[PDB]
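Alright, here's a single protein chain in two forms, structure 1 and structure 2, each given by itself as structure tokens.
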Structure 1
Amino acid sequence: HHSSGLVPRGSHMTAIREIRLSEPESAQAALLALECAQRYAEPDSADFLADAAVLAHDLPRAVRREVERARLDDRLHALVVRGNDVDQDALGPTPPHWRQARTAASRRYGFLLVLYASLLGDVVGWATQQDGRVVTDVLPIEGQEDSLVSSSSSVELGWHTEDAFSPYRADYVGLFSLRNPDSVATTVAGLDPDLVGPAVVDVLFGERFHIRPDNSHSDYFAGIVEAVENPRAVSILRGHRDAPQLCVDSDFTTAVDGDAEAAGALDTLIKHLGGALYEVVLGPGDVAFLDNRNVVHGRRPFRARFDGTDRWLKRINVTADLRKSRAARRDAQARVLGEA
């Protein structure tokens, strides 16, 4: 049966907005995704993305009302929609690399992730990430167990705002779990300003920090080298004091040269977020949208077998304002940031 509710974390009373699909809602969503897979080339082909926001209107009405409430909740951490259909037998094995993960059997889950995403905003990708795919793949890769990227397993994916260095960073990160037999978590933390010295909060609102791109990441790429070598002075907190946005990377953020007070405030924040991390586990057919304006996220160490049974998610970036990134996109309809 259909249900939805608010799951608090610390003082964040709407931290998690949880929706449980009824069996009929799960079937309705699956039928729409399967129809899209019959009519359109790819989950991120131009033909589909031109239509995706209107096709998303055919998702179950009760679900659409709850997603719309989440979209306008400026204190949201994670929207979680549980109980989508995943046919494990038909899906087949977890591929051994994202380069082999855009499979025919998994297309219907990419389509469904884009349909849910398109209720929140417009889907985008990154030229430097998984060949500029909008629907990307999160799965463990043999030989990258001890890497700083989403294909890690043995070593914690360090928490960060997604693409923290970039003015074009996503408003939401979406994750559609295809399988997760060992219940491996995404880590999540937001700032509780009532747990931090107001003077530290004041410092974090100042343009007193450098956020550099991961090595992961032409006038755009001229800006990417300038971002490593001559990083702009940016704030970590921005907006209304009652609902500040957060932008920080635990591995790639420093205070401006000689700003010892900023260095102090940054390390106070890093210790606070480190201590406030909680977990969201997505079972097969569970989809999460993290509000990238409000939370950092990462992933816990886990034990990959590399036998075709490993954890596998589809991943997407969503922007509230596609138009604002036009300088960094190839043409009006292109969704790949840094393509031109």
Structure 2
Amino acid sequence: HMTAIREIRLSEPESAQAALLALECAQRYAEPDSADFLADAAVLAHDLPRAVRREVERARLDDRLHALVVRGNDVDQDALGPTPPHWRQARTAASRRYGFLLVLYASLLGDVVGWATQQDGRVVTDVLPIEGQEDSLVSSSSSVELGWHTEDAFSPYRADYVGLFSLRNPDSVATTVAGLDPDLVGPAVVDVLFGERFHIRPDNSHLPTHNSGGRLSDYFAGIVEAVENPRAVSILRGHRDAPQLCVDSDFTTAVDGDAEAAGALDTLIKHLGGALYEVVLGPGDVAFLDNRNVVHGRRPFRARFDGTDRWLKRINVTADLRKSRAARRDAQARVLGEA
């Protein structure tokens, strides 16, 4: 599909209008995921430039979308200061305005959510390289390519969109993207992948090793159960003409003794690996990946750990907040796994 990547390059006025609105939010509210801001977020998002809202709406209803990319948001590199050395330190005063702007864009597509078991239950999260995590399977890696995945593939409450706001990317490190062409894998493999014949485990970002030590053990019970005793699930669902994709290259296995399944997965892993194409998010670029249609990852790179490294703000978006109420503390709470 020629519009699988939908791009909007902001005019100077559109960039300035979006920055003014984000700065007005930072003037009013404490955190870019403060409860009062999130209650207000859908309507405040309506104040984004009309031409931009029109293109975001076209992307939202495009069921073959890979990513919407909004290029050319204002990012003041000097005002922003150094790239923090850990996501725990990345809730900086100077970066608030970019968290608010990410939530405003995201709220055109759905409702923002976070995870009790990821980055201490923050809704606005950070992607930056961490010294000692170079060879990890988590988004703070650098030397080892981030393996392609559906975000939170293990969960029925996985996002419909993953939002990425690039604050800085001096070495032009690519985000990787791939969809599935059913015609190129075969009706045979599609049929197998549509069967509940696979195990998808929570990735390592959901482990207590990637959260603050004080975070409640109760939050992690469900994750540990999903690692030990994964449910039998499909990789494909929906219409045969526009099927949804759910798979993590490093956390997905066929159910024991299902050689057909093991072979379908093997064939899917080889097909997605080669199809993987590059999208570079420069400073001020906001992307929304359709997590129903594509797997994504990140090319290997050398981090400098000198305060100049690549830094994204990130958010999960659901089309339907109500559906996850069983996993949320209360109606307005956005943190999946607090119930």
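In this text, the rigid core denotes the largest set of C-alpha atoms whose superposition between the two forms falls within 1.5 Å. Residue positions are counted from 1 along structure 1's sequence.
Superposing the rigid core between structures 1 and 2 leaves a single residue from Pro181, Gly223, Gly92, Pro96 with a C-alpha shift of at least 2 Å: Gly223. Core-aligned Cα shift between structures 1 and 2 at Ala255: this is 1.2 Å.
The rigid core superposition between structures 1 and 2 gives a CA shift for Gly274 of 0.5 Å.
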